[PDB]
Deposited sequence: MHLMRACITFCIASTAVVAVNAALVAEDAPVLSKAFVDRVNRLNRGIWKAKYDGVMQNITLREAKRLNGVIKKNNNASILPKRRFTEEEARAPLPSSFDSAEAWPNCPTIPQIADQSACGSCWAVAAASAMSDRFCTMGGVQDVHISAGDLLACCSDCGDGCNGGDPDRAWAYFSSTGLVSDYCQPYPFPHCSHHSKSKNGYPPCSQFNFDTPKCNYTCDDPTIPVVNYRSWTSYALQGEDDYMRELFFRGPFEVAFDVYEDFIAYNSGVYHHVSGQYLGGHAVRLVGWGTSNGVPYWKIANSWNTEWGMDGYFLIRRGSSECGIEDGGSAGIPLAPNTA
């Protein structure tokens, strides 16, 4: 359990087997991560109505590549990469990030960051905080209860690095194990007034076409996939699973699609900060539910604040 996940030999095997379609790297940022730690980063554990597309949506000829940041270039939350830190809160962090993106693509508010802290601590229905939770219930909680912004309640755990000498001066993740924070009802600075943000509807997505089409019209949303040990070593290219044991479910924010040398893929924002993968992003094979990635998405529509 305090054993390293990765070895040079494991990585060499992965890179033989993957045929150079993606690159695994041993002495990357995850070189020394242990099994206990790697498992804690995957915090998906465990219903919404299915999305229905109108006749118009359904007949759109979707382009052969698409990137949310290019399609909504005035929405500054889209390209930001989060850091869930030493806590299994991806389910909440990928939800909050996408909710912030959607306030801009749909909800008329250019730059509000939805608080993943509030959701993590207060949505007890959703799961068990830092020990993991359920993406779908997170979206349902955004409708029924609503969430404050991170200006009100900032994410309570600092960035941490799996490198021993972090490029960004982040402290080591191993020196931390965090437990679910207490749910609060005022902002950290109590003189900042509580502003509550809410969606009016939530829904589930399934399959390559649903996903593409939802992304095209409405923008980023949250998906989950199975994490194997070879994923830990990902450095670049279009991932697909070739070796390693199952490490758990992980939620992430889907932001784009394309094709690279004949391989269709999804572009995805991870939440392990910008030191990991391709500046915080990874590509993964699209079209064949690689590691279950197309088995269920969760999304919703933010309600615009105030009135006209």
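Residues of the deposited sequence lacking C-alpha coordinates, counted from 1, fall in the stretches 1-26, 73-78.
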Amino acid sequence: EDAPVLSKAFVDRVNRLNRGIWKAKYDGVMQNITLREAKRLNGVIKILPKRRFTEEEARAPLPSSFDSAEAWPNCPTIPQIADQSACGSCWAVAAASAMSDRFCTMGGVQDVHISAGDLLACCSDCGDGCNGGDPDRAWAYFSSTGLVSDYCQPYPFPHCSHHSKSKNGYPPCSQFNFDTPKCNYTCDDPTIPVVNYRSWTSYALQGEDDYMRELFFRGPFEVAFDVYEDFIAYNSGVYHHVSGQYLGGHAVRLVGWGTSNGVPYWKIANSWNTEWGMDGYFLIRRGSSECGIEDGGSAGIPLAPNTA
From here on, numbers count along this sequence of modelled residues.
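Higher average CA B factor: 164-172, of the stretches 164-172 and 68-76.
In this entry, 124-132 shows the higher mean Cα temperature factor of the pair 98-106 and 124-132. When the modelled residues of the chain are ordered by C-alpha B-factor, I293 sits in the middle third. In the PDB entry, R253 places in the lowest third of its chain by CA B-factor. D188: CA B factor lies in the highest third for its chain, per the PDB record. In the deposited entry, the Cα temperature factor of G244 places it in the highest third of its chain's modelled residues. When the modelled residues of the chain are ordered by C-alpha B-factor, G237 sits in the middle third.
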